[PDB]
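The figures that follow rest on heavy atoms only: side chains count, while hydrogens, waters and symmetry mates do not. Each chain gets a letter, A, B and so on, in the order the sequences are listed, and its residues count up from 1. Just follow the structure's listing: the first ligand is 1, and inside any ligand the first atom is 1.
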Amino acid sequence: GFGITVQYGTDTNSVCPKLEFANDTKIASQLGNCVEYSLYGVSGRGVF
Amino acid sequence: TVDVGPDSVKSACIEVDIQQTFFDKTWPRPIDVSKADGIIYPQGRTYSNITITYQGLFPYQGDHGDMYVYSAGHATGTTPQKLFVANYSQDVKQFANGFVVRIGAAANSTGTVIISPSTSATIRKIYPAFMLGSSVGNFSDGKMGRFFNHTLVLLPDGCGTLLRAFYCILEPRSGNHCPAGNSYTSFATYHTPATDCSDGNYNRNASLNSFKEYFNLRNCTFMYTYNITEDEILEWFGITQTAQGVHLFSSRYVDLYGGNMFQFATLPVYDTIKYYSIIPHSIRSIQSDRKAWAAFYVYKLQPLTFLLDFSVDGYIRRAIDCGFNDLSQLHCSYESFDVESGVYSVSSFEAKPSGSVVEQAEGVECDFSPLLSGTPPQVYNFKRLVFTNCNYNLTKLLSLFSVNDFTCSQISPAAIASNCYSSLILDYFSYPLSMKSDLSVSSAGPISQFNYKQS
Amino acid sequence: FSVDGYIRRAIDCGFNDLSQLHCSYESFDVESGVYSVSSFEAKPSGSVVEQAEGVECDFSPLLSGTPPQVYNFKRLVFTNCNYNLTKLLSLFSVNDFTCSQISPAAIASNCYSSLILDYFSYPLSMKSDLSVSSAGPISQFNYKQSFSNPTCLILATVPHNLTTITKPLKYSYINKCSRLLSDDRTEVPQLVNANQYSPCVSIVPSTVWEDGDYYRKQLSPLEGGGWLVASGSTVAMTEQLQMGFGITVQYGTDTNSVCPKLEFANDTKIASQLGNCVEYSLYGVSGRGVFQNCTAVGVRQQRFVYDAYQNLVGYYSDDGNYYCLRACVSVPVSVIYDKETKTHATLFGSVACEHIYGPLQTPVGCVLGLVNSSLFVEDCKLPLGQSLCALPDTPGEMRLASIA
Amino acid sequence: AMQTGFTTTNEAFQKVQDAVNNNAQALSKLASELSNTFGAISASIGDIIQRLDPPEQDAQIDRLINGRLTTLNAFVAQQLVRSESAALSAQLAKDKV
Amino acid sequence: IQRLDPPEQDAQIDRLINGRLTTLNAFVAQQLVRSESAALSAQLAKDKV
Amino acid sequence: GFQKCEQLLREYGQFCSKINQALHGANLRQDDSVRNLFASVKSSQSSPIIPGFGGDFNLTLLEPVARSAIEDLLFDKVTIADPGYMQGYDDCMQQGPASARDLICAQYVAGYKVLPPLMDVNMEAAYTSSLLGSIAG
Amino acid sequence: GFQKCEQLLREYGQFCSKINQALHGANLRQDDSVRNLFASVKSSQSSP
Ligand SMILES: *[C@@H]1O[C@H](CO)[C@@H](O[C@@H]2O[C@H](CO)[C@@H](O[C@@H]3O[C@H](CO[C@H]4O[C@H](CO)[C@@H](O)[C@H](O)[C@@H]4O[C@H]4O[C@H](CO)[C@@H](O)[C@H](O)[C@@H]4O)[C@@H](O)[C@H](O[C@H]4O[C@H](CO)[C@@H](O)[C@H](O)[C@@H]4O[C@H]4O[C@H](CO)[C@@H](O)[C@H](O)[C@@H]4O)[C@@H]3O)[C@H](O)[C@H]2NC(C)=O)[C@H](O)[C@H]1NC(C)=O
Ligand SMILES: *[C@@H]1O[C@H](CO)[C@@H](O[C@@H]2O[C@H](CO)[C@@H](O[C@@H]3O[C@H](CO[C@H]4O[C@H](CO)[C@@H](O)[C@H](O)[C@@H]4O[C@H]4O[C@H](CO)[C@@H](O)[C@H](O)[C@@H]4O)[C@@H](O)[C@H](O[C@H]4O[C@H](CO)[C@@H](O)[C@H](O)[C@@H]4O[C@H]4O[C@H](CO)[C@@H](O)[C@H](O)[C@@H]4O)[C@@H]3O)[C@H](O)[C@H]2NC(C)=O)[C@H](O)[C@H]1NC(C)=O
Ligand SMILES: *[C@@H]1O[C@H](CO)[C@@H](O[C@@H]2O[C@H](CO)[C@@H](O[C@@H]3O[C@H](CO[C@H]4O[C@H](CO)[C@@H](O)[C@H](O)[C@@H]4O)[C@@H](O)[C@H](O[C@H]4O[C@H](CO)[C@@H](O)[C@H](O)[C@@H]4O)[C@@H]3O)[C@H](O)[C@H]2NC(C)=O)[C@H](O)[C@H]1NC(C)=O
Ligand SMILES: *[C@@H]1O[C@H](CO)[C@@H](O[C@@H]2O[C@H](CO)[C@@H](O[C@@H]3O[C@H](CO[C@H]4O[C@H](CO)[C@@H](O)[C@H](O)[C@@H]4O)[C@@H](O)[C@H](O[C@H]4O[C@H](CO)[C@@H](O)[C@H](O)[C@@H]4O)[C@@H]3O)[C@H](O)[C@H]2NC(C)=O)[C@H](O)[C@H]1NC(C)=O
Ligand SMILES: *[C@@H]1O[C@H](CO)[C@@H](O[C@@H]2O[C@H](CO)[C@@H](O[C@@H]3O[C@H](CO)[C@@H](O)[C@H](O[C@H]4O[C@H](CO)[C@@H](O)[C@H](O)[C@@H]4O)[C@@H]3O)[C@H](O)[C@H]2NC(C)=O)[C@H](O)[C@H]1NC(C)=O
Ligand SMILES: *[C@@H]1O[C@H](CO)[C@@H](O[C@@H]2O[C@H](CO)[C@@H](O[C@@H]3O[C@H](CO)[C@@H](O)[C@H](O)[C@@H]3O)[C@H](O)[C@H]2NC(C)=O)[C@H](O)[C@H]1NC(C)=O
Ligand SMILES: CC(=O)N[C@H]1[C@H]([C@H](O)[C@H](O)CO)O[C@@](O[C@@H]2[C@@H](O)[C@H](O)O[C@H](CO)[C@@H]2O)(C(=O)O)C[C@@H]1O
Ligand SMILES: Nc1nc(=O)c2nc(CNc3ccc(C(=O)N[C@@H](CCC(=O)O)C(=O)O)cc3)cnc2[nH]1
Ligand SMILES: *[C@@H]1O[C@H](CO)[C@@H](O[C@@H]2O[C@H](CO)[C@@H](O)[C@H](O)[C@H]2NC(C)=O)[C@H](O)[C@H]1NC(C)=O
Ligand SMILES: *[C@@H]1O[C@H](CO)[C@@H](O[C@@H]2O[C@H](CO)[C@@H](O)[C@H](O)[C@H]2NC(C)=O)[C@H](O)[C@H]1NC(C)=O
Ligand SMILES: *[C@@H]1O[C@H](CO)[C@@H](O[C@@H]2O[C@H](CO)[C@@H](O)[C@H](O)[C@H]2NC(C)=O)[C@H](O)[C@H]1NC(C)=O
Ligand SMILES: *[C@@H]1O[C@H](CO)[C@@H](O[C@@H]2O[C@H](CO)[C@@H](O)[C@H](O)[C@H]2NC(C)=O)[C@H](O)[C@H]1NC(C)=O
Ligand SMILES: *[C@@H]1O[C@H](CO)[C@@H](O)[C@H](O)[C@H]1NC(C)=O
Ligand SMILES: *[C@@H]1O[C@H](CO)[C@@H](O)[C@H](O)[C@H]1NC(C)=O
Ligand SMILES: *[C@@H]1O[C@H](CO)[C@@H](O)[C@H](O)[C@H]1NC(C)=O
Ligand SMILES: *[C@@H]1O[C@H](CO)[C@@H](O)[C@H](O)[C@H]1NC(C)=O
Ligand SMILES: *[C@@H]1O[C@H](CO)[C@@H](O)[C@H](O)[C@H]1NC(C)=O
Ligand SMILES: *[C@@H]1O[C@H](CO)[C@@H](O)[C@H](O)[C@H]1NC(C)=O
């Protein structure tokens, strides 16, 4: 048996599937724009 | 499977001349929701003399849609020659939620013979032909428009007297000008009025037979026909797909003069239609008898809320697209076409994302190695691996075992393998499968009471 | 309850309107006044039923040839027919029959817009992989039931003498289905949607040859480019074929014409009960009301006419007539009570006495318990409305007095 | 000049119509809210009973109850607000007479 | 939406809806109470002027 | 009328008793408000209204026709649904609803009732008519 | 802006229409209150 328990917000949500990153998903390259974001599991929409 | 008649025995297809310039016309007929264009009637019920909002699949107010026009082929006097078409077979569109079609809007107007711009003729209604399916790609020479596996074909025939719907595999023929042969451009259907549209006996297979020159029909699961009484009346056609199959809508069997669409058929097509195209059609008229054929317009559907005005007789004659503009939102909020003068607040104009930003921990894999080495503990001595600041992959672990039962609670299956977590805690132990149920939350047996319990 | 706990006095709160009043204040003594109480309910005097009656829904396809694998499930859609699940269930040894968002009794007895039956070969050893909570390969890549419509899942074994159903060589399934994007770095799992087929169905053969077979298709630009890939897996075949049957039912996209068959009495017709309050069940639509013969409105083909509050207000019957449907209407009740005399009268506001000394018709409704007095008051304690007043006889009956 | 004054430009006249419209709105809450499902499978109790067994049937009926209890509480709260307002207004009318 | 499937996702969204509908009803009820009060007060101001 | 629902409704306490009592009090409030208001409009002494009341001052607009002419016009110009105080129950069955969203016929369907006012029209007219005749004196 | 939520919101009836209409009326009430109040403060004749 394998039990899996997951927690969602005691720390940065740093346990993630691996992701290949594009350089158009950086924050610095999209300042002033409305973007969707996912930052270490934290998500929503906004302007950086 | 269904017998759909014999294969074509011709060694070659009729040559098709594609000259899109001639079909690049501007004859706009956008959806006018105030005139109830493009509306499919609420399906399980009717209403009388009321104005209500309704949620359903509707075209957008102001949508121009995609115009398609069929033409006469090439001729020399009394001997028709080459077919003349637009680049339609290669123009494959995403199906999404389906579409509605405005058919014969220009009928009775003086129009143009597309093949001969200086020649005018009275415009006649012509029905659209469609090819729909799950997967698309190219033909032998690299041109697009090939559909794979079963393809739904809606092919009007009998010079506009029947709609033939079939779901079959289309096997490109290899003859001259055919899709698997030499000198291929586009497949097209055609009929030859001179022999196919006699005043009495119309050839009910004229378009089917031309279709068959380009493709062999294989593993057909059905072929249905619907009758059409001839007229020059503007009509609407629509197609949608649900778990029950493909639904064909039309205004002509219920609201002929009004235009509201009602379902007339459901087809047993269960794979998802993702793509569609217009099958170009060319009429092999003699040079001296070319007609102008009405353009048809295809508009896409989406789940919109409309304000629908139901007359005493139940037809929808007027409507508001509640998301078109702010004025429309106002009418919908009061469920009326007439609201009092004033200044009103309406939904804000939303800012929409222009992109996305992502940051994730990227680095070390989370290490499930301990798990794989030595004798696992008993259930009361389970071992715990706590993963933080790492990249996880459950497949990497699951793929090493023959999984008998994998279930999740308070998280979806898709989510367990794709979300980010503060931590992932893995508790592993030896456990007989015969005691599977003793690990259930509802269990009152020894495992859940004294050995191991999940959060 | 007395101090010693015994019950010495009680009110039956449904006996009459006066009793309802005492109960609503939880007291045996309430102040004088005119009070609204529960209406006098109209009750059904019978019932009307209309159902599609005709062709049986045909489960024959199901019984002939080799059933498909779970990712190639076949679908039978039943509309406008009489269903009988026993007829199908009785042909198989059912191992597990469960329902979700519909009761067991209901699955076999309600009318539906449609019934969709999805059948396939399926090992019983993988039973749990069809659970909603499952994160295994069947629920992720092969077959998933609707979360929106009520569903049932039947797992059953084909009997040795049901010789019309043949067996595949092995059971098989997709254990992987994903897309490789044009960059060939990112792989995206392609999960199956409820009631749909996996995108990998076109690359996976009807039977997986052997466990571990890998399939790939090059996608065109219109498909987003990249590759669609999948892996198959197998389960050894059992002595008797095990099959799954998913059932999905919809309740209101059309006339609910998929019904159990019903033997009809001719006393359940609408025409024979016009003007009465009846229970009705019309092609799965039900409630209580009064049918009336009236002028047709709405679209005939749509059968059921609704108002602006979504009530059913009319119906086109299979007997050719259009009926208006009115709610069974309750009869308003107000109790006129005088505490000092311990007397009362009942006002049925807005009601003509034809529906109820005998009853007295007044400007505010029909009143029982009052006697018309042609007397005037200024000092009215029990106003009835308009310029009417109940005046106790003091005990006798209350008088109906006019306010001067 | 006032005989023809009960029109669109007469503010006092619209207030009369608005008092009337407010009574209608109060009743429309009860007439229109019974068609809501409040997350339930149906606005009809009879449909819930006919389709579901008690452990789920209960939850669905309960959604309808919560929605209807809420509606009635809102209705009553407004009848109390409106009757308080009308009573104050009645005393103003008394003073003006 | 990101964490749950429809049968549970629905229940969770619905809790947020109920809470927000409640909040808006409370807000509106108070704007009506406050606007009624201010209107009476405005007539007092009228009389004082 | 569904018993299962009623059984569950009971677990919310005496909900309906509260609804009924709150409205009963709210309704008594108008009968008391009306009674008090009219008691105060009421004249002690008044002159009769006769045609010609007003002398050179044209008051025919206000003279009873009985409501006055302006009073009837005021009512005729306001769109008011007829509550059917005497027999609305039947009107809604033999004729049915007047239009979409008919809130008077909804009463017998939805479970609510519109109650009649404390004074009939002729009595209210009598109060304002006697008031008119009292003004000069 | 979430479509799933909006889909569930619809099952609560025309909730938002009620919110908007109630506030619209409440807001008109102040414009009418203000207009009436100032109409009465307004002088016919006044010295500079
Ligand atoms: C999470 O964790 C899971 C599990 O660890 C990860 O999933 C694995 O992902 C890898 C890819 O990164 C994937 O490998 C692929 O396997 C297929 C299958 O081939 C096998 O069968 C064929 C049959 O013809 C054999 O020829 C082949 O050698 C393999 O045989 C295996 O089994 C036999 C025993 O039966 C052994 O003897 C063998 O040694 C072997 O183990 C391969 O076809 C695929 O190859 C393609 O990619 C590689 C990349 O290195 C490339 O070099 C190849 O040329 C080829 O690429 C070309 O084709 C692709 C289209 O398919 C195209 O896109 C390219 O551009 C090229 O044209 C590769 O090796 C493995 O199977 C997955 N396992 C599971 C269980 O899912 C998952 O990725 C992890 N997630 C994250 C985010 O990291
Ligand atoms: C939904 O779908 C389901 C499944 O299709 C339907 O349910 C079926 O309904 C039919 C009735 O319509 C029902 O048939 C009845 O079967 C019994 C059982 O008898 C068997 O055993 C006895 C043992 O003594 C045998 O003698 C008899 O021949 C039967 O044997 C069967 O099996 C053997 C092998 O073991 C075979 O060799 C046989 O050929 C046979 O298959 C019968 O007793 C019953 O008979 C009564 O009704 C018939 C009507 O035609 C009548 O002719 C008989 O004389 C007798 O009627 C008298 O008695 C009844 C009281 O019982 C009384 O009311 C009458 O007035 C008479 O006095 C009949 O044949 C079948 O078993 C059901 N199957 C299942 C799985 O449930 C269901 O109805 C469908 N729903 C809807 C709405 O349509
Ligand atoms: C190209 O040209 C053709 C004709 O040359 C047009 O076809 C005509 O279209 C009009 C409008 O759609 C049709 O008029 C409708 O006829 C209906 C029935 O007509 C039949 O029955 C009546 C008796 O009930 C007969 O008198 C009549 O001759 C027919 O036998 C009527 O019921 C319709 O009235 C309904 O709609 C109107 C509003 O449009 C309402 O005011 C009415 O109250 C009622 O609801 C209407 O009169 C006409 O009949 C069609 N001709 C033919 C031969 O059928 C094409 O539309 C035109 N094409 C384009 C694209 O413009
Ligand atoms: C949905 O639609 C798609 C597209 O049409 C189908 O995919 C096609 O599938 C067929 C076969 O299923 C592929 O055609 C050929 O399959 C051969 C398989 O080899 C075995 O079977 C043959 C049968 O005669 C035996 O002779 C042979 O010995 C094996 O036993 C391949 O060998 C063929 O290869 C040829 O072309 C390739 C091209 O690169 C050459 O390299 C080879 O040398 C050889 O010339 C060929 O593949 C067909 O190609 C697939 N098409 C595409 C576009 O991928 C799906 O199957 C269908 N899905 C469903 C579920 O029906
Ligand atoms: C024009 O298009 C129509 C499509 O609408 C197409 O109709 C098809 O005609 C064929 C016959 O030509 C039908 O097939 C027959 O159906 C009957 C049904 O009972 C069968 O009994 C026949 O079986 C006999 O003939 C077979 C011939 O091979 C034998 O193999 C068999 O053993 C029997 O002897 C046969 O299946 C077919 O069903 C219809 N299809 C549809 C969808 O209606 C028509 O043929 C086209 N015409 C031309 C000239 O192309
Ligand atoms: C006192 O005032 C009233 C009105 O407030 C005067 O009575 C009005 O007299 C006019 C005559 O110009 C009537 O006009 C008529 O209207 C009808 C409407 O259909 C029309 O058909 C006639 O041709 C004419 O235009 C008006 O109706 C009438 N109004 C009433 C309420 O009677 C009255 O005469 C004044 N008295 C004195 C002494 O001046
Ligand atoms: C799409 C296209 O190329 N259209 C041509 C058209 C066709 O080639 C022709 O109609 C085939 O039947 O021909 C056009 O020119 C015509 C001459 O070729 C013909 O000799 O006489 C016609 C008038 O009688 C006309 O001059 C045409 O019909 O306009 C040219 C057009 O681009
Ligand atoms: N073979 C053939 N088929 C046709 O359908 C056809 N149609 C026309 C005419 N088509 C049209 C269509 C729309 C307008 C039109 O009046 N459009 C408006 C704008 C409408 C809007 O955008 O709201 C305009 O003022 O141009 C004119 C001609 C001419 N020849 C034809 N020839
Ligand atoms: C369809 O509805 C309209 C309402 O929009 C009805 O017109 C009303 O009819 C009544 C009849 O007494 C009049 O009092 C109203 O003043 C009319 N209103 C309008 C806006 O005209 C119309 O009669 C209905 N049609 C049918 C057949 O019922
Ligand atoms: C088929 O022809 C159509 C119409 O000429 C092409 O669509 C046009 O493509 C150009 C490319 O720059 C756009 O500027 C036009 O606006 C498009 N027209 C419309 C109406 O959208 C289409 O791409 C051609 N398709 C193929 C496969 O050749
Ligand atoms: C389409 O139908 C045919 C016949 O019904 C299927 O069976 C193949 O038919 C060809 C005819 O030349 C034979 O050579 C093959 O050997 C047959 N295969 C089998 C397995 O019997 C064919 O499989 C069907 N295709 C689809 C996609 O369903
Ligand atoms: C669709 O139209 C066709 C053609 O009118 C109908 O087929 C005809 O049916 C009659 C019935 O007596 C036969 O005499 C003709 O010989 C048939 N014609 C042909 C070409 O076969 C067909 O039945 C109609 N379909 C429907 C559903 O009504
Ligand atoms: C951004 O991505 C492109 C993709 O090829 C890469 O060539 C480029 O060097 C990247 N830029 C940086 C700063 O890494
Ligand atoms: C699509 O085109 C490529 C080259 O253009 C050719 O290799 C490939 O086989 C074509 N696909 C089909 C299905 O013929
Ligand atoms: C199949 O039919 C035969 C006929 O004699 C019977 O003996 C046998 O027991 C039947 N088997 C089953 C599984 O019912
Ligand atoms: C009504 O049912 C009875 C039952 O026996 C039957 O005799 C009578 O003929 C039926 N009437 C009609 C009109 O079918
Ligand atoms: C209903 O009324 C129409 C005419 O008003 C009439 O001809 C028809 O027979 C009536 N139907 C019934 C069931 O009474
Ligand atoms: C009571 O009797 C008198 C007879 O003078 C009659 O005029 C009056 O209308 C009656 N009242 C009622 C309610 O019947």
### Task
Scan the protein's non-hydrogen atoms and note whether one is under 4.0 Å from atom 17 (C) of ligand 7.
no
### Message
Evaluate B:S118 for polar contact with ligand 7, using N/O atom pairs at a separation under 3.5 Å.
### Response
no
### Message
Measuring only between side-chain heavy atoms, which start at C-beta, is C:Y143 closer than 4.5 Å to C:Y173?
### Response
no
### Query
Can you check whether B:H74 and B:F84 have ring centres sitting under 6.0 Å from each other?
yes
### Query
Is there a protein heavy atom less than 4.0 Å away from atom 20 (O) of ligand 7?
no
### Message
Polar contacts were defined as any N/O atom of the residue lying under 3.5 Å from an N/O atom of the ligand; does this apply to B:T76 and ligand 7?
### Response
no
### Query
Does ligand 7 have a heavy atom under 4.0 Å from the side chain of B:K82, from its backbone, from both, or from neither?
neither
### Task
Could you list which atoms of ligand 7 come closer than 4.0 Å to a heavy atom of B:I115?
4 (N), 5 (C), 6 (C)
### Query
In the protein, which heavy atom is nearest to atom 10 (O) of ligand 7, and how far is it?
B:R290 NH1, 3.2 Å
### Message
Would you say atom 8 (O) of ligand 7 makes contact with the protein, given that contact here means a non-hydrogen protein atom less than 4.0 Å away?
### Response
yes
### B:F22 N/O under 3.5 Å from ligand 7 N/O
no
#### Entry: B:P179 side chain near B:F215 side chain, heavy-atom distance below 4.5 Å
yes
### Query
Between B:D289 and B:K291, is the closest basic N to carboxylate O distance under 4.0 Å?
yes
#### Entry: Ring centre gap for B:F166 and B:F211 strictly below 6.0 Å
yes
#### Entry: Derivation and outcome, side chain to side chain donor-acceptor pair (under 3.5 Å), residues C:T66 and C:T166
CA-CA 5 Å; C:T66 303; C:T166 65; 2.4 Å; yes
#### Entry: Nearest protein heavy atom under 4.0 Å from atom 23 (C) of ligand 7, yes or no
no
### Message
Are B:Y276 and B:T151 packed together at the side-chain level, in the sense that at least one heavy-atom pair is separated by less than 4.5 angstrom?
### Response
no
### Task
Compute the ring centroids of C:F40 and C:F348, then answer whether they are less than 6.0 Å apart.
no
### Task
Verify the contact flag for atom 29 (O) of ligand 7, where contact means a protein heavy atom under 4.0 Å away.
yes
### Message
With heavy-atom distances below 4.5 Å as the criterion, would you say the side chains of B:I278 and B:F130 are in contact?
### Response
yes
### Query
Only one of B:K212, B:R173, B:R218 forms a side chain to side chain donor-acceptor pair (under 3.5 Å) with B:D7, so which one is it?
B:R218
### Task
State the OG1-CG distance between B:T21 and B:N87, to the nearest 0.5 angstrom.
9.5 Å
### Query
Heavy atoms under 4.0 Å from ligand 18: which residues qualify?
C:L360, C:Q361, C:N372, C:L400
### Message
Closer than 4.0 Å to some heavy atom of B:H74 - which atoms of ligand 7 meet that?
### Response
7 (C), 8 (O), 11 (C)
### Message
Is there a side-chain contact between B:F187 and B:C178 in this structure, where contact means two heavy atoms from C-beta onward sitting under 4.5 Å apart?
### Response
no
### Query
Does a side-chain heavy-atom distance below 4.5 Å link C:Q218 with C:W227?
yes
### Query
Just to confirm, does any protein heavy atom lie below 4.0 Å from atom 32 (O) of ligand 7?
yes
### Query
Is it true that the side chains of C:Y197 and B:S134 contain a donor and an acceptor less than 3.5 Å apart?
no
#### Entry: Closer than 4.0 Å: a protein non-hydrogen atom to atom 12 (O) of ligand 7
yes
### Message
Could you check whether B:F296 and B:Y70 have their ring centres less than 6.0 Å apart?
### Response
yes
### Task
Quick one: sort the F:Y89 and F:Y108 rings into parallel, tilted or perpendicular, breaks at 30° and 60°.
perpendicular
### Task
Establish whether atom 3 (O) of ligand 7 and some protein heavy atom are separated by less than 4.0 angstrom.
yes
### Query
Is there a nitrogen or oxygen of B:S116 sitting under 3.5 Å from a nitrogen or oxygen of ligand 7?
yes
### Task
Any atoms of ligand 7 less than 4.0 Å from a non-hydrogen atom of B:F84? List them with their elements.
1 (C)
### Query
Relative to each other, are the rings of B:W293 and B:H191 parallel, tilted or perpendicular (30° and 60° limits)?
perpendicular
### Query
Who's touching ligand 11 if we go heavy atoms under 4.0 Å?
B:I169, B:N219
### Query
Considering only heavy atoms from C-beta outward, does the side chain of C:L370 approach that of C:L384 to under 4.5 Å?
yes
